[PDB]
Amino acid sequence: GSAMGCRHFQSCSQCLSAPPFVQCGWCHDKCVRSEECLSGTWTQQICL
């Protein structure tokens, strides 16, 4: 079972539209958090 998570969001709309219910963010491609970004770079702002 995998859901209710920013990393589960297929697009960036919910990734940055539901931050209080998720903890992941967009990282150079897929929506993940530092724990996933091996570069240490994490962006949570891309869609308008």
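About the thresholds
Residues numbered from 1 in each chain as written, not as in the entry; some residues may be left out. Heavy atoms only, no water. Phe/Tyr/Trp six-rings, centres within 6.5 Å; stacked < 30°, edge-to-face > 60°. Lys NZ or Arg CZ within 6 Å of the ring centre and 35° of its normal. Disulfide = S-S within 2.5 Å. UniProt positions renumbered as here; feature names shortened; annotations may be inferred. Helix = DSSP H or I, 4+ residues; strand = E, 2+ residues; numbered from the N terminus. Buried < 20%, exposed > 50% of the residue type's maximum accessible area, 1.4 Å probe, protein only.

For this entry, the PDB record names solution NMR as the structure determination method.

A. Structural view of the packing of aromatic side chains. Applying the stated criterion across every chain yields a total of 0 aromatic pairs. Lying over the aromatic face of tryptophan 42, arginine 33 brings its terminal NZ or CZ to 5.1 Å of the ring centre.

B. The UniProt feature "disulfide bond" in the protein, seen in detail. Agreement with UniProt is obtained for the disulfide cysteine 6 to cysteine 24: its S-S length of 2.0 Å falls short of 2.5 Å. Here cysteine 24 lies in the loop between α1 (13–17) and β1 (25–27) and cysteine 6 lies in the segment before α1, a separation of 18 residues in the sequence. Looking at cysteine 6, the relative accessible area reads 1%, which means it is buried. Here the bond UniProt gives for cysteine 12 and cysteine 47 holds up, since the two sulfurs are only 2.0 Å apart. Of this pair, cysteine 12 sits in the segment before α1 while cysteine 47 sits in the segment after β2 (30–32); the two residues are 35 residues apart in sequence, bridging distant segments of the chain.

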